[PDB]
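The next block holds one structure in the form of structure tokens; read it before the comments.
Residue numbers (the numbering used here): 1144 to 1264.
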């Protein structure tokens, strides 16, 4: 149908906007601490601690399959990256500290993304 096409164009455009959001958030991780999944070869107990691992490469795979229906779903995955890290790592670690800085700097990006998503519909 024509409606299904219009819906698909909307999703494509959301995907475009989320891709720019993802790029802007990933720039706030210049150390690349959150770029890839925590390695289960190197951290073999990880899934005993963290039940829903997340990282920017995994988000990008989902994004490119158009698997984010709305900004909430995308934000859920970003918050998992941060929250997983702040539980597994202690406060005095470069990893925890990187997550705090990513959360703080990402807030600004996500605030305007939400306005754009609502504004453009």
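All C-beta atoms in this analysis are idealised placements derived from N, C-alpha and C, irrespective of residue type, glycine included.
Which residue's Cα is closest to the Cα of residue i: the options?
i	options	result
residue 1164	1220, 1188, 1237, 1192	1220
residue 1259	1213, 1204, 1186	1213
residue 1225	1177, 1145, 1190	1177
residue 1158	1204, 1230, 1234	1204
residue 1172	1183, 1160, 1240, 1154	1240
residue 1183	1156, 1196, 1175	1196
residue 1189	1167, 1160, 1166, 1232	1232
residue 1254	1145, 1144, 1167, 1148	1167
residue 1257	1215, 1150, 1223, 1229	1215
residue 1248	1147, 1211, 1222, 1145	1222
Quick check: what's the CA-CA separation for residue i versus residue j?
i	j	result
residue 1250	residue 1262	18 Å
residue 1207	residue 1181	21 Å
residue 1202	residue 1236	24 Å
residue 1154	residue 1209	7 Å
residue 1150	residue 1238	40 Å
residue 1186	residue 1193	11 Å
residue 1244	residue 1161	20 Å
residue 1144	residue 1170	39 Å
residue 1146	residue 1264	16 Å
Taking buried to mean at least 16 other C-beta atoms within 10 Å of its own C-beta, is residue i buried or exposed?
i	result
residue 1200	exposed
residue 1152	exposed
residue 1174	exposed
residue 1242	buried
With 8 Å set as the bound, which would you pick, yes or no: does the beta-carbon of residue i sit closer than that to a beta-carbon of chain E?
i	result
residue 1219	Absent here is chain E; the protein component of the structure consists of one chain.
The ligand NAD heavy atoms versus the CB of residue i: any closer than 7 Å?
i	result
residue 1218	The model depicted lacks the ligand NAD and carries no ligand whatsoever.
Please list the segments of the alpha helix (DSSP H) lying wholly inside the region 1167-1226, counting only runs of 4 or more residues, in order along the chain. 1189-1192, 1199-1207
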